[PDB]
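Novice: One file: entry_19.cif (mmCIF, N, CA and C atoms).
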data_input
loop_
_atom_site.label_atom_id
_atom_site.label_comp_id
_atom_site.auth_asym_id
_atom_site.auth_seq_id
_atom_site.Cartn_x
_atom_site.Cartn_y
_atom_site.Cartn_z
N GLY A 376 -7.46 -12.73 28.61
CA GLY A 376 -7.58 -12.82 27.16
C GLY A 376 -9.02 -12.90 26.70
N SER A 377 -9.21 -13.03 25.39
CA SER A 377 -10.55 -13.11 24.83
C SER A 377 -11.35 -11.85 25.14
N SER A 378 -10.70 -10.70 25.02
CA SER A 378 -11.35 -9.42 25.30
C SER A 378 -12.18 -8.97 24.10
N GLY A 379 -13.29 -8.29 24.39
CA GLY A 379 -14.15 -7.80 23.32
C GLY A 379 -14.82 -6.49 23.67
N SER A 380 -15.46 -5.87 22.69
CA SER A 380 -16.14 -4.59 22.90
C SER A 380 -17.29 -4.42 21.91
N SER A 381 -18.44 -4.00 22.42
CA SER A 381 -19.62 -3.80 21.58
C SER A 381 -19.82 -2.32 21.28
N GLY A 382 -18.73 -1.63 20.99
CA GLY A 382 -18.81 -0.21 20.68
C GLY A 382 -19.61 0.07 19.43
N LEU A 383 -20.70 0.82 19.57
CA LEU A 383 -21.55 1.16 18.44
C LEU A 383 -20.72 1.64 17.25
N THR A 384 -20.66 0.81 16.21
CA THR A 384 -19.90 1.15 15.01
C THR A 384 -20.81 1.22 13.79
N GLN A 385 -20.57 2.22 12.95
CA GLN A 385 -21.37 2.41 11.74
C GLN A 385 -20.71 1.73 10.54
N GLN A 386 -20.18 0.53 10.77
CA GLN A 386 -19.52 -0.23 9.71
C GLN A 386 -20.42 -1.35 9.20
N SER A 387 -21.17 -1.06 8.14
CA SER A 387 -22.08 -2.04 7.56
C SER A 387 -21.58 -2.49 6.19
N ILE A 388 -20.85 -3.60 6.16
CA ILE A 388 -20.32 -4.14 4.92
C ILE A 388 -21.06 -5.41 4.51
N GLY A 389 -21.10 -6.39 5.42
CA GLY A 389 -21.77 -7.64 5.13
C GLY A 389 -20.83 -8.69 4.57
N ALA A 390 -19.82 -9.05 5.34
CA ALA A 390 -18.84 -10.05 4.91
C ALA A 390 -18.95 -11.31 5.75
N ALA A 391 -19.30 -11.15 7.02
CA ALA A 391 -19.44 -12.28 7.93
C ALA A 391 -20.27 -13.39 7.31
N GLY A 392 -19.62 -14.50 6.98
CA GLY A 392 -20.32 -15.61 6.37
C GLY A 392 -20.44 -15.48 4.87
N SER A 393 -19.30 -15.35 4.19
CA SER A 393 -19.28 -15.20 2.74
C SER A 393 -18.03 -15.84 2.15
N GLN A 394 -18.22 -16.67 1.13
CA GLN A 394 -17.10 -17.34 0.47
C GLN A 394 -16.54 -16.49 -0.65
N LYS A 395 -16.51 -15.17 -0.44
CA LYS A 395 -15.99 -14.24 -1.44
C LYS A 395 -14.49 -14.04 -1.26
N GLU A 396 -13.85 -13.51 -2.30
CA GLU A 396 -12.41 -13.27 -2.26
C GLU A 396 -12.05 -11.99 -3.01
N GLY A 397 -10.83 -11.51 -2.80
CA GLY A 397 -10.39 -10.30 -3.47
C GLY A 397 -9.75 -10.58 -4.82
N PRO A 398 -8.75 -9.77 -5.19
CA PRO A 398 -8.04 -9.92 -6.46
C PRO A 398 -7.07 -11.09 -6.46
N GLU A 399 -6.80 -11.64 -7.64
CA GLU A 399 -5.88 -12.76 -7.76
C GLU A 399 -4.55 -12.47 -7.07
N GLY A 400 -4.17 -13.35 -6.15
CA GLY A 400 -2.92 -13.16 -5.43
C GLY A 400 -3.14 -12.89 -3.95
N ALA A 401 -4.29 -12.32 -3.62
CA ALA A 401 -4.62 -12.00 -2.24
C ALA A 401 -5.51 -13.08 -1.63
N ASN A 402 -5.09 -13.61 -0.48
CA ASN A 402 -5.85 -14.65 0.20
C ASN A 402 -5.48 -14.72 1.68
N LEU A 403 -6.32 -15.37 2.47
CA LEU A 403 -6.08 -15.50 3.90
C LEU A 403 -6.87 -16.67 4.48
N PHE A 404 -6.16 -17.62 5.09
CA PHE A 404 -6.80 -18.79 5.69
C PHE A 404 -6.32 -18.99 7.12
N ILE A 405 -7.24 -18.85 8.07
CA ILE A 405 -6.91 -19.03 9.48
C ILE A 405 -7.12 -20.47 9.92
N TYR A 406 -6.14 -21.01 10.64
CA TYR A 406 -6.22 -22.39 11.13
C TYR A 406 -5.93 -22.46 12.62
N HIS A 407 -6.25 -23.60 13.23
CA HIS A 407 -6.02 -23.79 14.65
C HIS A 407 -6.78 -22.75 15.47
N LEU A 408 -8.07 -22.61 15.19
CA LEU A 408 -8.91 -21.65 15.90
C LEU A 408 -9.57 -22.29 17.11
N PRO A 409 -9.81 -21.49 18.15
CA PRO A 409 -10.44 -21.96 19.39
C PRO A 409 -11.95 -22.10 19.25
N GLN A 410 -12.58 -22.72 20.24
CA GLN A 410 -14.02 -22.92 20.23
C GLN A 410 -14.76 -21.61 20.50
N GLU A 411 -14.14 -20.74 21.28
CA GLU A 411 -14.74 -19.46 21.62
C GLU A 411 -14.91 -18.60 20.37
N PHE A 412 -13.93 -18.66 19.48
CA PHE A 412 -13.97 -17.88 18.24
C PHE A 412 -15.04 -18.43 17.29
N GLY A 413 -15.64 -17.53 16.51
CA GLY A 413 -16.67 -17.94 15.57
C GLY A 413 -16.50 -17.31 14.21
N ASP A 414 -17.58 -16.78 13.66
CA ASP A 414 -17.55 -16.15 12.34
C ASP A 414 -17.19 -14.67 12.47
N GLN A 415 -18.03 -13.92 13.16
CA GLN A 415 -17.81 -12.49 13.35
C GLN A 415 -16.43 -12.23 13.94
N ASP A 416 -16.15 -12.88 15.07
CA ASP A 416 -14.86 -12.72 15.75
C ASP A 416 -13.73 -12.59 14.73
N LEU A 417 -13.55 -13.62 13.91
CA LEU A 417 -12.51 -13.62 12.90
C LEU A 417 -12.49 -12.31 12.13
N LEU A 418 -13.67 -11.84 11.74
CA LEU A 418 -13.79 -10.59 11.00
C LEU A 418 -13.24 -9.42 11.80
N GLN A 419 -13.75 -9.26 13.02
CA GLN A 419 -13.30 -8.18 13.89
C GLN A 419 -11.86 -8.41 14.35
N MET A 420 -11.34 -9.60 14.07
CA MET A 420 -9.98 -9.94 14.45
C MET A 420 -8.98 -9.47 13.40
N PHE A 421 -9.42 -9.44 12.14
CA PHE A 421 -8.57 -9.02 11.04
C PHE A 421 -8.87 -7.57 10.65
N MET A 422 -10.06 -7.10 11.01
CA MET A 422 -10.47 -5.74 10.70
C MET A 422 -9.38 -4.74 11.08
N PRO A 423 -8.84 -4.90 12.30
CA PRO A 423 -7.78 -4.02 12.81
C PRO A 423 -6.66 -3.82 11.80
N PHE A 424 -6.31 -4.88 11.08
CA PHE A 424 -5.25 -4.81 10.08
C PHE A 424 -5.72 -4.06 8.84
N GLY A 425 -7.01 -4.17 8.54
CA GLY A 425 -7.56 -3.50 7.38
C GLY A 425 -8.99 -3.91 7.10
N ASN A 426 -9.56 -3.38 6.01
CA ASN A 426 -10.93 -3.70 5.64
C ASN A 426 -11.01 -5.07 4.98
N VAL A 427 -11.32 -6.09 5.78
CA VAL A 427 -11.43 -7.45 5.28
C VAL A 427 -12.58 -7.58 4.28
N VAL A 428 -12.28 -8.13 3.11
CA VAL A 428 -13.29 -8.32 2.07
C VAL A 428 -14.16 -9.53 2.36
N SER A 429 -13.52 -10.64 2.73
CA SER A 429 -14.23 -11.87 3.04
C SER A 429 -13.81 -12.43 4.39
N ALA A 430 -14.76 -13.03 5.10
CA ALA A 430 -14.49 -13.60 6.41
C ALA A 430 -15.56 -14.61 6.80
N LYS A 431 -15.21 -15.89 6.77
CA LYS A 431 -16.14 -16.95 7.13
C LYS A 431 -15.42 -18.10 7.83
N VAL A 432 -16.18 -18.95 8.51
CA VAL A 432 -15.62 -20.09 9.22
C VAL A 432 -16.26 -21.39 8.77
N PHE A 433 -15.49 -22.47 8.79
CA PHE A 433 -15.98 -23.78 8.39
C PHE A 433 -16.51 -24.56 9.59
N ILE A 434 -17.44 -25.47 9.33
CA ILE A 434 -18.03 -26.28 10.39
C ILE A 434 -17.90 -27.77 10.08
N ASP A 435 -17.62 -28.56 11.11
CA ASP A 435 -17.47 -30.00 10.95
C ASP A 435 -18.80 -30.65 10.59
N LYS A 436 -18.74 -31.73 9.82
CA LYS A 436 -19.94 -32.45 9.40
C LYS A 436 -20.23 -33.62 10.34
N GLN A 437 -19.41 -33.75 11.38
CA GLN A 437 -19.58 -34.83 12.35
C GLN A 437 -19.84 -34.27 13.74
N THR A 438 -19.05 -33.28 14.14
CA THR A 438 -19.19 -32.66 15.45
C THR A 438 -20.02 -31.39 15.37
N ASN A 439 -20.48 -31.06 14.16
CA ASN A 439 -21.28 -29.86 13.95
C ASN A 439 -20.68 -28.66 14.68
N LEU A 440 -19.36 -28.64 14.77
CA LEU A 440 -18.66 -27.55 15.44
C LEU A 440 -17.56 -26.98 14.55
N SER A 441 -17.25 -25.70 14.74
CA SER A 441 -16.22 -25.03 13.96
C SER A 441 -15.07 -25.99 13.64
N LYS A 442 -14.60 -25.95 12.40
CA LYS A 442 -13.51 -26.82 11.97
C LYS A 442 -12.17 -26.28 12.46
N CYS A 443 -12.22 -25.27 13.32
CA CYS A 443 -11.01 -24.68 13.88
C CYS A 443 -10.21 -23.96 12.79
N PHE A 444 -10.91 -23.51 11.75
CA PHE A 444 -10.27 -22.80 10.65
C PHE A 444 -11.30 -22.01 9.84
N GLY A 445 -10.90 -20.83 9.39
CA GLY A 445 -11.80 -19.99 8.61
C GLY A 445 -11.11 -19.37 7.41
N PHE A 446 -11.90 -18.85 6.48
CA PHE A 446 -11.37 -18.22 5.28
C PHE A 446 -11.44 -16.70 5.38
N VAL A 447 -10.54 -16.03 4.67
CA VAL A 447 -10.51 -14.57 4.67
C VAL A 447 -9.78 -14.03 3.44
N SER A 448 -10.15 -12.82 3.03
CA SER A 448 -9.53 -12.20 1.86
C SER A 448 -9.61 -10.68 1.96
N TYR A 449 -8.63 -10.00 1.36
CA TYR A 449 -8.58 -8.55 1.38
C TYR A 449 -8.81 -7.98 -0.02
N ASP A 450 -8.68 -6.66 -0.14
CA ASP A 450 -8.87 -5.99 -1.42
C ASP A 450 -7.61 -6.09 -2.28
N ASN A 451 -6.51 -6.51 -1.65
CA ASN A 451 -5.24 -6.65 -2.36
C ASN A 451 -4.28 -7.55 -1.58
N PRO A 452 -3.29 -8.10 -2.29
CA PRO A 452 -2.29 -8.99 -1.68
C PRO A 452 -1.25 -8.23 -0.86
N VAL A 453 -1.31 -6.90 -0.93
CA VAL A 453 -0.38 -6.05 -0.20
C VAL A 453 -0.82 -5.89 1.26
N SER A 454 -2.13 -5.75 1.46
CA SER A 454 -2.68 -5.59 2.80
C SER A 454 -2.85 -6.94 3.49
N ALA A 455 -3.31 -7.93 2.73
CA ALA A 455 -3.52 -9.27 3.27
C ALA A 455 -2.26 -9.79 3.95
N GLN A 456 -1.10 -9.37 3.44
CA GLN A 456 0.18 -9.80 4.00
C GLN A 456 0.40 -9.19 5.38
N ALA A 457 0.09 -7.90 5.51
CA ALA A 457 0.25 -7.19 6.77
C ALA A 457 -0.26 -8.03 7.94
N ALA A 458 -1.39 -8.69 7.73
CA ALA A 458 -1.99 -9.53 8.77
C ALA A 458 -1.08 -10.71 9.10
N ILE A 459 -0.93 -11.63 8.15
CA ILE A 459 -0.10 -12.80 8.35
C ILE A 459 1.22 -12.43 9.02
N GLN A 460 1.85 -11.37 8.53
CA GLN A 460 3.12 -10.91 9.08
C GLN A 460 3.15 -11.07 10.59
N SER A 461 2.08 -10.63 11.25
CA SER A 461 1.98 -10.72 12.70
C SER A 461 1.10 -11.90 13.11
N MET A 462 -0.12 -11.93 12.58
CA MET A 462 -1.06 -13.00 12.89
C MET A 462 -0.38 -14.36 12.84
N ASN A 463 0.38 -14.60 11.77
CA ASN A 463 1.09 -15.86 11.61
C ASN A 463 1.78 -16.27 12.91
N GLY A 464 1.21 -17.24 13.60
CA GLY A 464 1.79 -17.71 14.85
C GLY A 464 1.34 -16.88 16.04
N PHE A 465 0.17 -16.26 15.92
CA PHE A 465 -0.38 -15.44 16.99
C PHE A 465 -0.80 -16.30 18.18
N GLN A 466 -0.05 -16.22 19.27
CA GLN A 466 -0.35 -17.00 20.46
C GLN A 466 -1.67 -16.55 21.09
N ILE A 467 -2.71 -17.34 20.89
CA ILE A 467 -4.03 -17.03 21.44
C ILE A 467 -4.42 -18.01 22.54
N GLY A 468 -4.95 -17.47 23.64
CA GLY A 468 -5.35 -18.31 24.75
C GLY A 468 -4.21 -19.15 25.29
N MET A 469 -4.08 -20.37 24.79
CA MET A 469 -3.02 -21.27 25.23
C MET A 469 -2.32 -21.92 24.04
N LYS A 470 -2.78 -21.58 22.84
CA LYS A 470 -2.20 -22.14 21.62
C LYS A 470 -1.83 -21.03 20.65
N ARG A 471 -1.32 -21.41 19.48
CA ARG A 471 -0.93 -20.45 18.46
C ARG A 471 -1.84 -20.54 17.24
N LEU A 472 -1.85 -19.48 16.44
CA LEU A 472 -2.68 -19.44 15.24
C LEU A 472 -1.84 -19.67 13.99
N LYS A 473 -2.49 -20.11 12.92
CA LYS A 473 -1.80 -20.36 11.66
C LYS A 473 -2.56 -19.73 10.49
N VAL A 474 -2.03 -18.62 9.98
CA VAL A 474 -2.65 -17.92 8.86
C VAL A 474 -1.77 -17.98 7.62
N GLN A 475 -2.39 -18.25 6.48
CA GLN A 475 -1.65 -18.34 5.22
C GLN A 475 -2.58 -18.10 4.03
N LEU A 476 -2.11 -17.33 3.06
CA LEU A 476 -2.90 -17.03 1.87
C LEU A 476 -2.78 -18.14 0.84
N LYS A 477 -3.93 -18.63 0.37
CA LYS A 477 -3.96 -19.69 -0.63
C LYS A 477 -2.78 -19.57 -1.59
N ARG A 478 -1.87 -20.54 -1.52
CA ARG A 478 -0.69 -20.54 -2.39
C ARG A 478 -1.09 -20.30 -3.84
N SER A 479 -0.14 -19.85 -4.65
CA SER A 479 -0.39 -19.57 -6.06
C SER A 479 0.80 -19.99 -6.92
N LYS A 480 0.57 -20.96 -7.80
CA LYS A 480 1.63 -21.45 -8.68
C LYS A 480 2.00 -20.40 -9.72
N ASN A 481 1.04 -20.04 -10.56
CA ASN A 481 1.27 -19.04 -11.60
C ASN A 481 0.50 -17.76 -11.31
N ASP A 482 1.24 -16.69 -11.03
CA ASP A 482 0.63 -15.40 -10.72
C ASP A 482 1.07 -14.34 -11.73
N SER A 483 0.16 -13.98 -12.64
CA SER A 483 0.46 -12.99 -13.66
C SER A 483 -0.05 -11.61 -13.24
N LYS A 484 0.85 -10.78 -12.73
CA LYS A 484 0.49 -9.44 -12.29
C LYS A 484 0.88 -8.40 -13.34
N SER A 485 -0.08 -8.01 -14.16
CA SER A 485 0.16 -7.02 -15.21
C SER A 485 0.53 -5.67 -14.61
N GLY A 486 1.81 -5.51 -14.27
CA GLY A 486 2.28 -4.27 -13.70
C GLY A 486 2.68 -3.25 -14.75
N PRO A 487 3.69 -2.43 -14.43
CA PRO A 487 4.19 -1.39 -15.34
C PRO A 487 5.05 -1.97 -16.45
N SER A 488 4.77 -1.58 -17.69
CA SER A 488 5.52 -2.06 -18.84
C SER A 488 6.14 -0.90 -19.61
N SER A 489 7.00 -1.22 -20.57
CA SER A 489 7.67 -0.21 -21.37
C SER A 489 8.07 0.99 -20.51
N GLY A 490 8.58 0.70 -19.32
CA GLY A 490 9.00 1.76 -18.42
C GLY A 490 10.50 1.99 -18.45
#
As a first step, turn the structure in this file into structure tokens.
Specialist:
Amino acid sequence: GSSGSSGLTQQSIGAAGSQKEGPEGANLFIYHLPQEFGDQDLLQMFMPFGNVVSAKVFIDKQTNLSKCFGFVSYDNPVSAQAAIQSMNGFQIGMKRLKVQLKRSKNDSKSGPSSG
């Protein structure tokens, strides 16, 4: 496990380490992350599912080490789901992962009207 590849890629976006988010309704929060995983990893971990808009990791204020959880967001709530669908409970290393999009009480999606 923990396989990686440094294949020369011409993908220059600049999301690694950014508290940015997509459109209202779309969100992604990774929890129960390993020590091996960091900031970039998470990005290249969700990239496969789609073009991640935001991808960052939190750090403890006592152990100065990853909080075992990071934030993420897509361009829409339709793609962000694709990830969780599988990621949700992704058995990594010896444990499982926990991904969930920031819950939303009131979501007003101005869709098609007078149709």
Novice: Quick check, in Å to one decimal: how far apart do atom CA of residue 406 of chain A and atom CA of residue 383 of chain A lie?
Specialist: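 So the answer is 29.0 Å.
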Novice: Using all atoms listed in the file, pick whichever of A:486, A:376, A:413, A:452 has the shortest atom-to-atom distance to residue 397 of chain A.
Specialist: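 Comparing A:486, A:376, A:413, A:452 against residue 397 of chain A, the winner is A:452.
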Novice: Can you pull out the residues contacting residue 453 of chain A? Cut-off 7 Å, using all atoms listed in the file, and skip same-chain residues under 3 positions away; I want them as a ChimeraX atom specification.
Specialist: /A:400-401,450,456-457
Novice: Taking 6 positions as the minimum chain separation for residues in the same chain, which residues sit within 8 Å of segment 461-477 of chain A when counting only C-alpha atoms? Answer as a ChimeraX atom specification.
Specialist: /A:376-377,401-408,455
Novice: Enumerate the residues of chain A with a DSSP assignment of strand (DSSP E or B), computed from the backbone, and present them as a PyMOL selection string.
Specialist: chain A and resi 391+403-406+429-434+441-448+466-467+470-471+473-475
Novice: What lies within 10 Å of segment 388-392 of chain A using only C-alpha atoms, ignoring chain neighbours under 4 positions off, as a list in words?
Specialist: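 The residues that qualify are residues 413, 414, 415, 416, 417, 418, 419, 426, 427, 428, 429, 430, 431, 432, 433, 445, 446 and 447 of chain A.
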Novice: Quick one: DSSP alpha helix (DSSP H) residues in segment 393-482 of chain A, as number ranges by chain?
Specialist: A: 414-421, 452-462
Novice: Rounded to one decimal in Å, what is the spacing between atom CA of residue 422 of chain A and atom C of residue 448 of chain A?
Specialist: 10.1 Å
Novice: By how many Å are atom CA of residue 425 of chain A and atom N of residue 458 of chain A apart?
Specialist: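 Atom N of residue 458 of chain A lies at a distance of 8.1 Å from atom CA of residue 425 of chain A.
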Novice: Using all atoms of segment 409-425 of chain A listed in the file and a margin of 6 Å per side, can you give the axis-aligned box centre and edge lengths in Å to one decimal, as AutoDock Vina command-line options?
Specialist:
--center_x -11.6 --center_y -13.2 --center_z 14.4 --size_x 24.8 --size_y 31.4 --size_z 26.5
Novice: Could N, CA, C and O atoms be built for segment 427-450 of chain A and written out as a CSV table (one decimal), in the coordinates of the input?
Specialist:
chain,number,residue,atom,x,y,z
A,427,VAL,N,-11.3,-6.1,5.8
A,427,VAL,CA,-11.4,-7.4,5.3
A,427,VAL,C,-12.6,-7.6,4.3
A,427,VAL,O,-13.7,-7.2,4.6
A,428,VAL,N,-12.3,-8.1,3.1
A,428,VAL,CA,-13.3,-8.3,2.1
A,428,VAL,C,-14.2,-9.5,2.4
A,428,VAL,O,-15.4,-9.5,2.2
A,429,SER,N,-13.5,-10.6,2.7
A,429,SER,CA,-14.2,-11.9,3.0
A,429,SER,C,-13.8,-12.4,4.4
A,429,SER,O,-12.6,-12.3,4.8
A,430,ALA,N,-14.8,-13.0,5.1
A,430,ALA,CA,-14.5,-13.6,6.4
A,430,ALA,C,-15.6,-14.6,6.8
A,430,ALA,O,-16.7,-14.2,7.1
A,431,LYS,N,-15.2,-15.9,6.8
A,431,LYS,CA,-16.1,-17.0,7.1
A,431,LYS,C,-15.4,-18.1,7.8
A,431,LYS,O,-14.2,-18.2,7.8
A,432,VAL,N,-16.2,-19.0,8.5
A,432,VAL,CA,-15.6,-20.1,9.2
A,432,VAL,C,-16.3,-21.4,8.8
A,432,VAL,O,-17.4,-21.4,8.4
A,433,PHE,N,-15.5,-22.5,8.8
A,433,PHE,CA,-16.0,-23.8,8.4
A,433,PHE,C,-16.5,-24.6,9.6
A,433,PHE,O,-16.1,-24.3,10.7
A,434,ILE,N,-17.4,-25.5,9.3
A,434,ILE,CA,-18.0,-26.3,10.4
A,434,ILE,C,-17.9,-27.8,10.1
A,434,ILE,O,-18.1,-28.2,8.9
A,435,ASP,N,-17.6,-28.6,11.1
A,435,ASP,CA,-17.5,-30.0,11.0
A,435,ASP,C,-18.8,-30.6,10.6
A,435,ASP,O,-19.9,-30.2,11.0
A,436,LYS,N,-18.7,-31.7,9.8
A,436,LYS,CA,-19.9,-32.4,9.4
A,436,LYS,C,-20.2,-33.6,10.3
A,436,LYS,O,-21.2,-34.4,10.1
A,437,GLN,N,-19.4,-33.8,11.4
A,437,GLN,CA,-19.6,-34.8,12.4
A,437,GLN,C,-19.8,-34.3,13.7
A,437,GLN,O,-20.7,-34.7,14.4
A,438,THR,N,-19.0,-33.3,14.1
A,438,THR,CA,-19.2,-32.7,15.4
A,438,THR,C,-20.0,-31.4,15.4
A,438,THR,O,-20.3,-30.7,16.4
A,439,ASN,N,-20.5,-31.1,14.2
A,439,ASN,CA,-21.3,-29.9,14.0
A,439,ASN,C,-20.7,-28.7,14.7
A,439,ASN,O,-21.4,-27.8,15.1
A,440,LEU,N,-19.4,-28.6,14.8
A,440,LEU,CA,-18.7,-27.6,15.4
A,440,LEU,C,-17.6,-27.0,14.6
A,440,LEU,O,-17.0,-27.7,13.7
A,441,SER,N,-17.2,-25.7,14.7
A,441,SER,CA,-16.2,-25.0,14.0
A,441,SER,C,-15.1,-26.0,13.6
A,441,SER,O,-14.6,-26.7,14.5
A,442,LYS,N,-14.6,-26.0,12.4
A,442,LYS,CA,-13.5,-26.8,12.0
A,442,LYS,C,-12.2,-26.3,12.5
A,442,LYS,O,-11.1,-26.8,12.1
A,443,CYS,N,-12.2,-25.3,13.3
A,443,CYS,CA,-11.0,-24.7,13.9
A,443,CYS,C,-10.2,-24.0,12.8
A,443,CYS,O,-9.0,-23.8,12.9
A,444,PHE,N,-10.9,-23.5,11.8
A,444,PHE,CA,-10.3,-22.8,10.6
A,444,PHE,C,-11.3,-22.0,9.8
A,444,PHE,O,-12.4,-22.5,9.6
A,445,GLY,N,-10.9,-20.8,9.4
A,445,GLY,CA,-11.8,-20.0,8.6
A,445,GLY,C,-11.1,-19.4,7.4
A,445,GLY,O,-9.9,-19.4,7.3
A,446,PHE,N,-11.9,-18.8,6.5
A,446,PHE,CA,-11.4,-18.2,5.3
A,446,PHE,C,-11.4,-16.7,5.4
A,446,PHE,O,-12.3,-16.2,6.1
A,447,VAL,N,-10.5,-16.0,4.7
A,447,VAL,CA,-10.5,-14.6,4.7
A,447,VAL,C,-9.8,-14.0,3.4
A,447,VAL,O,-8.9,-14.7,2.9
A,448,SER,N,-10.2,-12.8,3.0
A,448,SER,CA,-9.5,-12.2,1.9
A,448,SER,C,-9.6,-10.7,2.0
A,448,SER,O,-10.5,-10.1,2.6
A,449,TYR,N,-8.6,-10.0,1.4
A,449,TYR,CA,-8.6,-8.6,1.4
A,449,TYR,C,-8.8,-8.0,0.0
A,449,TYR,O,-9.1,-8.7,-1.0
A,450,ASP,N,-8.7,-6.7,-0.1
A,450,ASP,CA,-8.9,-6.0,-1.4
A,450,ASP,C,-7.6,-6.1,-2.3
A,450,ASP,O,-7.6,-5.8,-3.5
